[PDB]
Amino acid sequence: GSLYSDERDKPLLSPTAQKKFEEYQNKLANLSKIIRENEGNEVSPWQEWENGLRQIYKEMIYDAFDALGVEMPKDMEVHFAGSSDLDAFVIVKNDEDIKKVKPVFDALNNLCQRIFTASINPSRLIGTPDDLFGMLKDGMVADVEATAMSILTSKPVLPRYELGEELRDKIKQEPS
């Protein structure tokens, strides 16, 4: 059972996958614990929880690129839509990048499913700003206006914004 296998296919992790699994579980448990315990001295505990989850997921993303031996493209972005919703969405610069990046997020999706069971949003969409705008323009998505809105109000997981702004500016330009 490797770290990024489907739970239903490989229910037990190998010894090494298990240690890494437990390391993520423990960051999650600790994050949850500290937020709840300090709730009386925290202004916005749910925002703190979200912000911590974005950091853990960012870490998990770097870890998955490394474990799969894939170089993360430098212009690639990951944004969180929502609070289902559109969830994490991956914006690449070129459509060529999708082939190499998509299997890494699929791998992460599997690991996130496992973590859910043992107790973060899945990544659902991946594309260029053009691609994703087009899926909204052409009605390929359940609940277009609310998907659109969630993109407008998404928060960045990686410290990259340029493509995200192209997508938002494209959305903003279309009236409904």
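Note that residue numbering begins at 1 and tracks the sequence as displayed.
Gap check for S83 to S84: 4 to 9 deposited residues are absent from the model. According to the entry, the deposited sequence places 4 to 9 unmodelled residues between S119 and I120.
Comparing 131-139 with 24-32, the higher mean C-alpha B-factor in the PDB entry belongs to 131-139. Across the two stretches, 74-82 and 102-110, the PDB entry reports the greater mean Cα temperature factor for 74-82. Ranked by C-alpha B-factor against the other modelled residues of its chain, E39 falls in the middle third. When the modelled residues of the chain are ordered by their C-alpha B factor, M60 lands in the lowest third. In the deposited entry, the Cα temperature factor of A146 sits in the top third of values across the chain's modelled residues.
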